[PDB]
């Protein structure tokens, strides 16, 4: 399983600016995308860390981000979340964990 995060996207209203990260997932000759917020990654991390504290990599940190205004902050978070999820899928045991399978397919 090969994963990457080519882009982030802002979805919603104007008052509920939320940022979602587009995760591109390849396995065999199949490819699809899922969209996930930082808070989705944070929940995944906390639950995985309970199961496999030895294997879970460092998650990019929580931040006060004003209005999602700062794209420079978002580009760095995108990059960090990409390294994070790549590291997860590099461990067969995590890649096959039901949480991760759901995270990457739902």
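Numbering follows the first chain given and starts at 1.
- Mean C-alpha B-factor is higher over 69-77 than over the other stretch, the pair under comparison being 56-64 and 69-77.
- Stretches compared: 90-98, 9-17. Higher mean C-alpha B-factor in the entry: 9-17.
- Among all modelled residues in its chain, residue 104 ranks in the lowest third by Cα B-factor.
- Placement of the Cα temperature factor of residue 37 within the chain: lowest third of the modelled residues, per the deposited record.
- In the PDB entry, residue 51 places in the highest third of its chain by CA B-factor.
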